[PDB]
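This report concerns only the one structure given below.
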Amino acid sequence: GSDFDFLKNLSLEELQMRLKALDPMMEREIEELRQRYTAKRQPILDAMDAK
Amino acid sequence: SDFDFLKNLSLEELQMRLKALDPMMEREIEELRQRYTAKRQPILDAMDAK
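Protein sequences, first through last, are from chains A and B.
So that you can map any letter, position 18 of the first sequence is 18 in PDB author numbering, and since no number is skipped, the others follow by simple counting.
To convert, count from 1 in the second sequence and add 1; that's PDB author numbering.
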């Protein structure tokens with residue numbers, strides 16, 4: 001990403017492209033985070049069921 | 002840690018370990034969302050300045 005000072009000099013169509021790209025990037029990041037925690041929970045969950 | 006360690010702990014200890022992950026996850030998700038909202042603003046402002 002860039003700062004406002006650089007962004008303001010981009011075309012409106014380039015800006016809309018940049019704005020739109022944030023959404024799947026964000027969705028990818030949160031998905032990875034959720035999977036990261038699922039993976040953390042799994043061995044604890046199994047350990048509880050193994051008793 | 003690994004299942005081979007966790008399997009030897011009490012049910013109460015394991016439940017505590019599960020519950021401990023919750024606010025950590027909550028925090029990191031909120032940080033992720035704030036970072037997205039942040040990234041949007043200078044682009045939105047750049048659009049409105051033109």
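For each residue, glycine too, the CB sits at the ideal point set by N, CA and C.
The Cβ atoms of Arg41/A and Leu22/B sit closer than 9 Å to each other. Taken through DSSP and simplified to helix, strand or coil, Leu15/A comes out as helix. At a cut-off of 9 Å between C-beta atoms, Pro43/B counts as an interface residue with respect to chain A. DSSP, read as helix, strand or coil, puts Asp3/A in coil. Here the stretch 32-50 of chain B makes contact with the stretch 21-37 of chain A; the two share three or more CB pairs at distances below 8 Å.
Proximity of chain B to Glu29/A at the Cβ level (cut-off 7 Å) is accounted for by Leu33, in chain order.
Here the alpha carbons of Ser11/B and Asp46/A stand approximately 13 Å from one another.
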